[PDB]
Amino acid sequence: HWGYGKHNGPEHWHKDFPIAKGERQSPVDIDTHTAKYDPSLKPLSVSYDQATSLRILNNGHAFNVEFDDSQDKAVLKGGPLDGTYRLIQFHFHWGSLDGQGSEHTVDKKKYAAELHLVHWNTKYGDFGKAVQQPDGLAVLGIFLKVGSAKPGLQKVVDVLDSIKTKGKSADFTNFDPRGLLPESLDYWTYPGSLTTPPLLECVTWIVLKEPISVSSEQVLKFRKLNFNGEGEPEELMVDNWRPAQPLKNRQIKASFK
Ligand SMILES: CC(=O)Nc1nnc(S(N)(=O)=O)s1
Ligand SMILES: [Zn+2]
C-alpha cells in the first residue's frame, strides 16, 4: 500500500493511481513572477466562529483534526469560489529537517510544513460525492516557517503523544482553527488535486501568501509521531509530502499585487 518511503512513495503512486500523471495534479511550484494578479478575485470569506472540532486521528500518513460537517458551521466562501464549502478536517505535511516539508513551493522555496484545511462543496451533499467533481473541494493551504511559536497550534502539539501510532484517535473538542491563520488572507489560486491517493482532480487550491511561524519544538513534536501501528517497528512520521508536479496547462492567479 502507498506511503512516503523509497519503495511506496510518490514515484510509485501512478501504478495504483494512474491519475498521478494527470493534467491537474498538486502540489505545484508557485512562480510568483509568473502568477498574474486578477483584480476580479474576491476576498476570501473564512467563517469559522461556529466550528465544532470532534477528534484527532493518526491515519498512518498524517494526523487529521476532524470537524462536524453535518451542518454549515465552519465554511469557506468567496475568493475564487462560487458556493459554500464546509470544513471537514485539517492536517499537515512536514519534513525531517526544517528546510523541507511543504508540498507547494514558492519560487522553489520549501517551507518546514504546510497546513491543509479541507472543505467540500455543499451542493454535492457529502464529501464522498464531492471528490468525484472538478469543483468538489476547496483546500486552504498555509505555509509554516520555523521561528516563534504559534500559540493556537499548541493544543494540537500537546495531544500528539496520545495518537502516536496509526489508527489511534483522541477527543479533540473545542478547538478553534482561527488560531492557525496568518494576519493576511491574500492568496494564490489554481485548479488541482488531492496530494495523496486517490489523487482526485477535484480541488480548487487556495494558498495563502503569508506563512505562519511555529517554533522548532512544535515541529519537533510532529516528527515524533509514527507511520506504523502500535507493536510494529518504529517508523517516524516525517517527510510526508508530495513534491511539486508539472503545472501543464494551468495558470496560477494572485489576489494581490
Ligand atoms: C478526507 C480527505 O481530506 N482526503 C484528502 N486526501 N488528500 C488531501 S490534501 N493533502 O490534498 O489536502 S485531503
Ligand atoms: Zn494535505
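Criteria and thresholds
- Residues numbered from 1 in each chain as written, not as in the entry; some residues may be left out.
- Chains lettered and ligands numbered in written order.
- Heavy atoms only, no water.
- Helix = DSSP H or I, 4+ residues; strand = E, 2+ residues; numbered from the N terminus.
- Rg over C-alpha atoms; globule rule 2.2 N^0.38 Å.
- Buried < 20%, exposed > 50% of the residue type's maximum accessible area, 1.4 Å probe, protein only.
- Contact = heavy atoms within 4.5 Å.
- Areas by Shrake-Rupley, 256 points an atom, 1.4 Å probe, with all protein chains shown as cover.
- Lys, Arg positive; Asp, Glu negative; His and termini not counted.
- Charge placed at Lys NZ, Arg CZ, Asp CG, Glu CD.
- Core = buried A, V, L, I, M, F, W, Y, C linked by side-chain atoms within 4.5 Å.
- Donors = N, O, S within 2.8 Å, 3.2 Å for Na, K, Ca; no water.
- Tetrahedral: all angles 85-135°; square planar, octahedral: opposite > 155°, others 65-115°.
- Near = heavy atom within 4 Å.
- Polar contact = N/O pair within 3.5 Å; in protein donor to acceptor, adjacent residues only side chain to side chain.
- Nonpolar A, V, L, I, M, F, W, Y, C, P; charged D, E, K, R; others polar.
- UniProt positions renumbered as here; feature names shortened; annotations may be inferred.

As summarised from the PDB record, the model derives from X-ray crystallography at a stated resolution of 1.471 Å.

Draft legend 1. Summary view of the overall build of the protein chain. Check the secondary structure of the protein chain and you find 3 helices and 15 strands. Relative to the globule expectation of 18 Å for 257 residues, the C-alpha radius of gyration of the protein chain, 17 Å, shows essentially globular dimensions. Dimensions of the protein chain, computed from the C-alpha atoms along their principal axes, are close to 55 × 40 × 40 Å. For the protein chain, with 257 residues in total, the buried portion stands at 53%. Of the contacts formed within the protein chain by residues at least 6 apart in sequence, a portion of 70% connects residues at least 24 apart. In the form shown here, the protein chain has an accessible surface area of approximately 11900 Å², with 48% of it arising from carbon and sulfur atoms. Measuring between centres, the 31 positive side-chain charges of the protein chain sit 3 Å from its 32 negative side-chain charges.

Draft legend 2. Geometry of the nonpolar core. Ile56, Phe63, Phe90, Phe92 and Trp94 are the most contacted members of the largest nonpolar core, which totals 47 residues. Listed by contribution, the elements that provide at least two residues to this core are β5 (63–67), β7 (85–94), β9 (113–121), β10 (137–146), α2 (154–159), β13 (203–208) and β14 (212–214). Element by element, the count of residues in this core is highest for β7, at 5 residues. Other than its neighbours up to four places away in sequence, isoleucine 56 contacts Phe63, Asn64, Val65, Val156, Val159, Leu160, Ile163, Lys168, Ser169, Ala170 and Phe172. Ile30, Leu137, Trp205 and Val207 belong to the second largest nonpolar core, which has 24 residues in total.

Draft legend 3. Looking closely at the coordination of the zinc ion (ligand 2). Those protein atoms acting as donors to the zinc ion (ligand 2) are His91 (NE2), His93 (NE2) and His116 (ND1), and they sit at 2.0 to 2.1 Å. What the 4 donor atoms of the zinc ion (ligand 2) show is an angle range of 98 to 116° at the metal, which sorts the shape as tetrahedral. Mapped onto the sequence, the donors of the zinc ion (ligand 2) take the spacing H-x1-H-x22-H. Within this pair, whereas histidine 91 is found in strand β7, its partner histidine 116 is found in strand β9, the two being separated by 25 residues in sequence. For the pair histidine 91 and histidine 116, a shared accessibility class is recorded, and that class is buried.

Draft legend 4. Representation of the side chain of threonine 165. Of note, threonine 165 is situated in the loop between α2 and β11 (169–171). Exposure remark for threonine 165: the relative accessible area of 10% places this residue in the buried category. Excluding anything up to four places from it in sequence, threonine 165 contacts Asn58, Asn226, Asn228, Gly229 and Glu230.

Draft legend 5. Structural context of the site of ligand 1. In the vicinity of ligand 1, the residues found are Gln89, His91, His93, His116, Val118, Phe127, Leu194, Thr195, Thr196 and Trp205. In the model, a nitrogen atom of ligand 1 is placed 3.4 Å from a nitrogen or oxygen of the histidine 116 side chain. The separation between a nitrogen atom of ligand 1 and a polar side-chain atom of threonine 196 is 2.7 Å. For ligand 1, whose unbound accessible area comes to 360 Å², protein coverage reaches 84%. Among the elements of the structure, β7 and β9 are those that each provide at least two residues to the shell around ligand 1. Considering each element in turn, the shell around ligand 1 owes the most residues, 3 residues, to β7. Split into classes, the residues belonging to the shell around ligand 1 amount to 4 nonpolar, 6 polar and no charged.

Draft legend 6. Quick look at the UniProt feature "binding site: substrate" in the protein chain. In this structure's numbering, the residues bearing the UniProt feature "binding site: substrate" are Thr195 and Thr196. Relative to the assigned elements, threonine 195 resides in the loop between β12 (187–192) and β13. There is a polar contact of 2.6 Å between the side chain of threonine 195 and the side chain of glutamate 103. Among the secondary structure elements, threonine 196 is positioned in the loop between β12 and β13. Contacts of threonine 196, omitting those with residues within four sequence positions, involve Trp2, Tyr4, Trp13 and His61.

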